[PDB]
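Same chain, two forms, each on its own as structure tokens: structure 1, then structure 2.
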Structure 1
């Protein structure tokens, strides 16, 4: 119920374990060099072929909290996702796509969230030739968290901000957090209009220093 299955092993999935409890994580892989590394990392190892439905079942993908898929090829990545969806239609699947062409192929396979790090890396490479300021921000906010970080803060039922305009909310002046967007119902609205009214269940996506984030957390609370 709480457990997370990881199909494949890479520096990404390793970094994924940084923020996850390790005894809740089952890593599904065939290779024995991977087994040593998984155990060394304090996570659980399940021997099998992630492109095989039989082994996917054995990994208890059925009731999983989420399944993370990064395999050696976008081909294997796509086949693993297809196999999961034969087992559980509703299970949350997060997958890493290597080639841009295949991002949409991962979605049509049932990936709930796709991440394409080579596409991101490549853009930043070419764009950092003449001006490196976009890359500096990405490194600080999305990687190292030197100063600030992105944050998703949910809006509770008893929230003082319910129904309030984003202009009247003035989240930047109060909190200090730059508001990127607000999502709900698996739909992300970026840079909402001034007349936008907050609803409960809405999630606020923003960027800010640690203190600025606590103030945003504080600002959204019981009436």
Structure 2
């Protein structure tokens, strides 16, 4: 369903570009952004992201997720708490500008924290001789390039449910590179040949559309 974004910045703008076709509500105090927000395809809700009543009129309750990106560390936390007073289920992803705050966001109830500068800093250190690593990260994330990164859940009653990674041989079968498996908020990279896929497991891979579609079929569940 719908996604709510609290605040506005270059990150959320790029995020909207990726969420077009999806119903998105942007709640922010700076009306100067209404134009850009509306152009970007999102519904603009003028209001205070740290206020429960405004979060509510922004349709936070029942949202699929709420992305929080406010300049103030304090406001981000107050926003998180406000969201939590409305809906305890909704996934909350918060942007952090300082490493020192990542845990306070966690404490407040954020399910995930994205730190643009940690990522930027590491790409800088990895780009001293060439930019292949930076290129990788950018390519696999560029919505529609030769090969892209995707995640596919292993549905209940999946064809591979109970099968081993070795027995699966997903790469030779589909052509998709398996970079990891997500299970219970934990990512297992390059799992042992004896790792057995289970429903709910999330497969992270890199491949072409055809290869991806092939993976979807290979992971489909045996049900009418």
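Superpose the two forms; the largest set of C-alphas matching within 1.5 Å is the rigid core. Positions refer to the first chain, counted from 1.
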message = Against the rigid core, a Cα displacement of 2 Å or more between the two structures applies to just one of 87, 94, 138, 82. Which?
response = 138
key: Core-superposed comparison between the two structures, residue 160 Cα displacement 2 Å or beyond   = yes
ask   = Just checking, between the two structures and with the core aligned, does residue 103 shift 2 Å or more at the CA?
value = no
ask   = After fitting the rigid core, is the C-alpha of residue 177 off by 2 Å or more between the two structures?
value = yes
remark   = Core-superposed C-alpha displacement of residue 36 between the two structures, in angstrom, equals 1.2
Core-aligned CA shift between the two structures for residue 20 (Å) = 0.7
task = Would you look up how far the C-alpha of residue 193 moves between the two structures when the rigid core is overlaid, in angstrom?
result = 4.8
